[PDB]
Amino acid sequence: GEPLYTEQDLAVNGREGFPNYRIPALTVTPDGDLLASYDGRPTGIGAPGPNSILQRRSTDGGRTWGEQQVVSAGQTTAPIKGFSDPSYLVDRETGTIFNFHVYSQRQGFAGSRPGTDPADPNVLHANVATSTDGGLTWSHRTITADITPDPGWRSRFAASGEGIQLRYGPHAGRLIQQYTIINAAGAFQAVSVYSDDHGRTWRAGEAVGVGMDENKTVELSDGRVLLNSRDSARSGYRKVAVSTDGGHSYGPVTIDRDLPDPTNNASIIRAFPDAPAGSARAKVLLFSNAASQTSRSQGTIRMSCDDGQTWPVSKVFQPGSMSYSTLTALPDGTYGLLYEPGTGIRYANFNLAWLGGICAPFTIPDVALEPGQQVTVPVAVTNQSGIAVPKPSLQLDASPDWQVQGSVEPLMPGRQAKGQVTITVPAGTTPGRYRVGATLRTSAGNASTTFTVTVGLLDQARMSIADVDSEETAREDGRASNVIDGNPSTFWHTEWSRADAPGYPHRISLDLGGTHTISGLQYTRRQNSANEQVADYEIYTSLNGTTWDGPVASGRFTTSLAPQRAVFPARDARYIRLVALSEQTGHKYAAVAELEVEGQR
């Protein structure tokens, strides 16, 4: 059908009563009105700012919106009160609407103290507003005491956005709202808060994870509940866990490297929430976030057709600033999206024709070659769409100087299809890891993936640490081996937690695993700290690990976050040694995220 994407601002900072608006929640009422909620922040801050929970209503499917109304009013005269960070939850069996939010007095989330007495100003309280009239009027309650089974949980907040009601299983009808808690150790954990009596009473489940933050849940085609979290430990990705007991408890937490994230809120929903258990439609999920590891920008919608196992489909909705976002399924088959563009709160509406996808996830393996060479790699399409595609094509996005081309056999319902990509890399290509994008194009929509082509770099998996002058292991993981794991977020760090640790120079040496012809080293600085950066350096090599040749290269690195090359005339070696002679501004320690060796495998 005709693609649809429209937006309109619902709140603009400085207009209609507040200098700052933040934190979106969106839902559709049983009668079909859309409700948008967000904080008004008179002093521009989260709790314990004297904030208010606001709401706008649309009775024409989102085309026009009503006046801004107060759900919960902050108070700037004694006694001070603030209400912040809304999450909507509709009980579709009773018609009741809930809006969860914090209730602050003296403390915000980090400063909250143990206790559950509503009158204690040093607790960050868990409140909920309830409406039995479609969100026209609200009653208010504090539920902290009901959802704090462990007295060491000193703080909590409901994750902003929208919670869910289970439709499947023995706990069908359960209302689930996610929280973050701070435990006695100071760790941030996720916990589902839920009601099996239509919101009359609430309790907490079992907490999960560490390094958690705002988190969301969604009911999968088979009833399991999938948890998708912001990572307060800042991996660059979303964290995921799954429950098979209706959100009471979850399994282990993993990093989902399909879902890059800059440590920011996000949303995940059923595309077809009324679909029956086990149906194809019941497996379809939509996800919204900032698709970036570094900045809150490049707002993207993703679609999965397999309960979140793969995300074949994606499309950018906001290339610029894009912070919190929340999705909801609309009665007309389209989707609403409430998000933060930097100026307040914006409402967008889109359909699946805009998203332009086909449910056909596909894989292409990573591959390594030398400059001057050609290689062919297999492509494997899993057609989840249920339809035949007679003329699929495969478009690749690689360096303009390379020759890359691909093809794929016709797609058949319920079948895998084969294809291939051929890559030719010209002589003289700079050694490096090159990410290549691939798009499966069809008249019924497109799917995408990426793969990495490594050109003229040795295999880190065959390498080991031959020696190192100093490494921290007591207070953090700064093992030397962290330079050869392929992961820019793990680093070697020299010893720092003892006073008598050495300063510069520092030194790390690699065993390449065998003799190779090599001609360079590439250094990557530690990504999240500035004061352990290598500056002046020398490189040496060896055939035996004891007698060193060089310096074969010398120089001074910059503060660039990207790999930096140090090159030297091609030579045979089994071992390579980096001597870090100084730090950029004279500090005592060295840290290195990654070392790669330019050479022939």
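Don't overthink the numbering: it's just position in the shown sequence, from 1.
- Looking at mean Cα B-factors across 567-575 and 41-49, the upper value is held by 567-575.
- Look at the C-alpha B-factors of 198-206 and of 514-522. On average they run higher in 514-522.
- Per the PDB record, 549 has a higher Cα B-factor than any other of 33, 67, 536, 549.
- Within the selection 306, 219, 213, 150, the deposited Cα B-factor values reach their highest point at 150.
- Annotation for residue 28: CA B-factor lies in the middle third of the chain's modelled residues.
- In this PDB entry, the Cα temperature factor of residue 584 sits in the middle third of its chain's modelled residues.
- The PDB entry assigns residue 54 a C-alpha temperature factor belonging to the lowest third of its chain's modelled residues.
- Among the modelled residues of its chain, residue 434 has a C-alpha B-factor that falls in the highest third, as given in the PDB entry.
- In this PDB entry, residue 498 carries a Cα temperature factor that places it within the highest third of its chain's modelled residues.
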